[PDB]
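We begin with a single chain expressed as structure tokens, specifically the form deposited without the ligand.
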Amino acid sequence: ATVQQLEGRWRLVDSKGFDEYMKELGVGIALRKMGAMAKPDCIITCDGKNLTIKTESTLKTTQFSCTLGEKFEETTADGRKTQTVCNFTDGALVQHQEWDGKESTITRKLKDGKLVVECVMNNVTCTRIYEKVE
């Protein structure tokens, strides 16, 4: 219902589809193996319309900040530089990425006290579930 409801440190507890989604992105084997193996934490913080999402692991550490509704240049973990925009719509944070004629979307929602992250590119989907670290 509100973006602030997504705030906190979250730890990955389940993943489905992520290897296939990275293959759709064209990520090479070194990076795909590290994504299959890392169990990162996701730390979400917000202040009004400003949002930061940090991903932390020994295998993988990255962060971006944005303002809801404002396009910005995002450097992704696999090294794309995308034009991204985040919006909070219908109780989910929606992150839309565009680069080189391609698009992908990541949604983040709270369900049963867990953070549910879904990604899609060209109908190839991933679903990752995180629980709060507290």
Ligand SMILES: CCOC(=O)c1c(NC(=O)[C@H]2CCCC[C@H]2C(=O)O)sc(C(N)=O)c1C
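Only the largest set of C-alpha atoms that superpose within 1.5 Å between the two forms is called the rigid core. The first residue of the sequence shown is number 1, and the count goes up from there.
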Between 58 to 66 and 103 to 111, where do the CA atoms move more in 7 other deposited structures of this protein, taking the root mean square over the structures and residues after a core fit? 58 to 66
Give the stretch, out of 57 to 65 and 22 to 30, with the larger mean C-alpha temperature factor in the deposited entry. 57 to 65
Comparing 116 to 124 with 6 to 14, which stretch shows the greater average C-alpha B-factor in the deposited entry? 6 to 14
Per the deposited B-factor column, the C-alpha that peaks among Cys42, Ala38, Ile106, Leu51 belongs to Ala38
Compare the C-alpha B factor of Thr89 with those of the other modelled residues in its chain, then answer lowest, middle or highest third. highest
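Note that the form deposited with the ligand bound isn't included here; everything after this is about it.
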Go ahead and superimpose the pocket C-alphas, place the ligand as found in the deposited bound form, and count ligand atoms within 2.4 angstroms of backbone or C-beta atoms: 3 or more is blocked, zero is open. blocked
Would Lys60 show up as a contact with the ligand in the deposited bound form if we use heavy atoms at 4.5 Å? yes
Is there any non-hydrogen atom of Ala38 lying within 4.5 Å of the ligand in the deposited bound form? yes
Does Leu31 make contact with the ligand in the deposited bound form, using a 4.5 Å heavy atom cut-off? yes
So in the deposited bound form, is the ligand close enough to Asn87 to count as touching (4.5 Å, heavy atoms)? no
Whether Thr55, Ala77 and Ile106 jointly form a contact site for the ligand in the deposited bound form is the question; each needs a heavy atom within 4.5 Å. yes
Counting only heavy atoms, which residues in 103 to 134 are within 4.5 Å of the ligand in the deposited bound form? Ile106, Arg108, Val117, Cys119, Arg128, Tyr130
